[PDB]
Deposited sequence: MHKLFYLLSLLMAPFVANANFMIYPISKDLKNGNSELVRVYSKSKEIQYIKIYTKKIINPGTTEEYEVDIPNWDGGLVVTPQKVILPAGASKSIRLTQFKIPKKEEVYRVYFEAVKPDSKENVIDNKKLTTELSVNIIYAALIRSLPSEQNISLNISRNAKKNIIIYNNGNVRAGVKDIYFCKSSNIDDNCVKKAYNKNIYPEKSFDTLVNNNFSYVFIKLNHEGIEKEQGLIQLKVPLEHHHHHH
């Protein structure tokens, strides 16, 4: 058995970060590390693609770890080129047999760290639109993901108890859209954003264009 930490990392400015591997067993273990970029993150059409550890936009090294009893080891993460907009990868960690059974359990635990490759000058920015049913839609026009916690739909430009508060703990990635599922005739919206990496940036009011 083994463990990884942290379980997610932000990389920025070409600064390298570690995801570490902690031995949790009396045996020595052999861990393989491989990486997938996430296409269309946070959406319906999300999928993962295999990328080599040493030639992509994210350098992950080493790709094999020999993990002695009680030891800790590190995998280093480095942006190769800094992206204009945030990109996400999952780095997988998988124990294998050394390259070189009725009685006991077979168990294969594979851990993944979610890795965010961030742009250098971060810009959270959201746009509002309406559907076939006005059914208001949020569009990420910025260069990083927007973690939306709740949205306040108001009939006025003032936040208050009249507004209906729907909780949406959804991350919206750059150039992606979110279906709020609300087609009613509000005038303004207030997006409540999750806080990431020392950003505070609490309140966003966007005017909902009339239908």
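Numbering the deposited sequence from 1, one finds several regions with no C-alpha coordinates, namely 1-19, 120-128, 240-246.
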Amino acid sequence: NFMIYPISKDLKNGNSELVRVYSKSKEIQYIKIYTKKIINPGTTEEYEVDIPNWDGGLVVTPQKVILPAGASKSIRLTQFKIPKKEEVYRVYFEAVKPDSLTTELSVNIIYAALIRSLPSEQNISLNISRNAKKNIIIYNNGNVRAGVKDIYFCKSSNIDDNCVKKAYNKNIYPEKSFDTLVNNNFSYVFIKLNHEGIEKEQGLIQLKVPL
From here on, numbers count along this sequence of modelled residues.
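In this entry, the higher average B-factor at the C-alpha atoms falls on 132-140, of the pair 132-140 and 113-121.
7-15 and 193-201 differ in mean CA B-factor, and the higher of the two is recorded for 193-201. In this structure the maximum Cα B-factor among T180, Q63, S177, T35 is found at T180. Among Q29, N40, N171, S157, the highest C-alpha B-factor recorded in the PDB entry belongs to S157.
Sort the chain's modelled residues by C-alpha temperature factor and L105 lands in the highest third, per the entry. Looking at the C-alpha B-factors along this chain, the one for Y47 belongs to the middle third. Per the PDB record, residue ranking by Cα B-factor puts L58 in the lowest third of the chain. In the PDB entry, a CA B factor belonging to the lowest third of its chain's modelled residues is recorded for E87.
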